[PDB]
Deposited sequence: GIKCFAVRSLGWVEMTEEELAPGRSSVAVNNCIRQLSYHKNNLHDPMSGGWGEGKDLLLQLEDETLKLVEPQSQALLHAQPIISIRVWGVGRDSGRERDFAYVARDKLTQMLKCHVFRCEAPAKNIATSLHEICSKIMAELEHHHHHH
């Protein structure tokens, strides 16, 4: 539900890159590119929040359902998490990359829970 992470930046993606089974590779190239701000990445309300630790200030808010894909990096890259979303203002597909304190698969797992509980709950 709430993870300590470090923002590494982002890389622009083409919509072609998101095509199925080209995306997994692609996200991986992105983590590779960006991985060799200290924030909290929260999961709450079908929304992925980036929050500033001392202030509790909402820095960014990404609706889970418009996340295009996510990923966890390899070996000794168990801690790299990425996700892809189209920017609200400027309209470009961005892939953001984060290095987390705990292993990055916990993030991926929770996004699956939140996702499932929505497909299911949509009857």
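Visitor: Please give the gaps, as residue ranges numbered from 1 in the deposited sequence, where no C-alpha is present.
Guide: Unmodelled stretches: 1 to 2, 39 to 54, 92, 143 to 148.
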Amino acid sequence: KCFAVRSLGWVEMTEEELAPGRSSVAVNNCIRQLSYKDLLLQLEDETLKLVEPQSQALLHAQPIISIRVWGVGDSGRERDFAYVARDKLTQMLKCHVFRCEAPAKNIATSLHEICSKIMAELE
From here on, numbers count along this sequence of modelled residues.
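Visitor: Comparing 16 to 24 with 109 to 117, which has the greater mean CA B-factor as deposited?
Guide: Result: 16 to 24.
Visitor: Comparing 61 to 69 with 74 to 82, where is the mean C-alpha B-factor higher?
Guide: So the stretch with the higher mean C-alpha B-factor is 74 to 82.
Visitor: Among the choices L122, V5, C2, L8, identify the one whose CA B-factor in the record is greatest.
Guide: Of the options given, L122 has the highest CA B-factor in the PDB entry.
Visitor: In the PDB entry, which of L89, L40, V97, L93 has its C-alpha at the highest B-factor?
Guide: Highest CA B-factor of the listed options: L89.
Visitor: Please place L50 in the lowest, middle or highest third of its chain by C-alpha B factor as given in the entry.
Guide: Lowest third - that is where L50 ends up once the chain's C-alpha B-factors are sorted.
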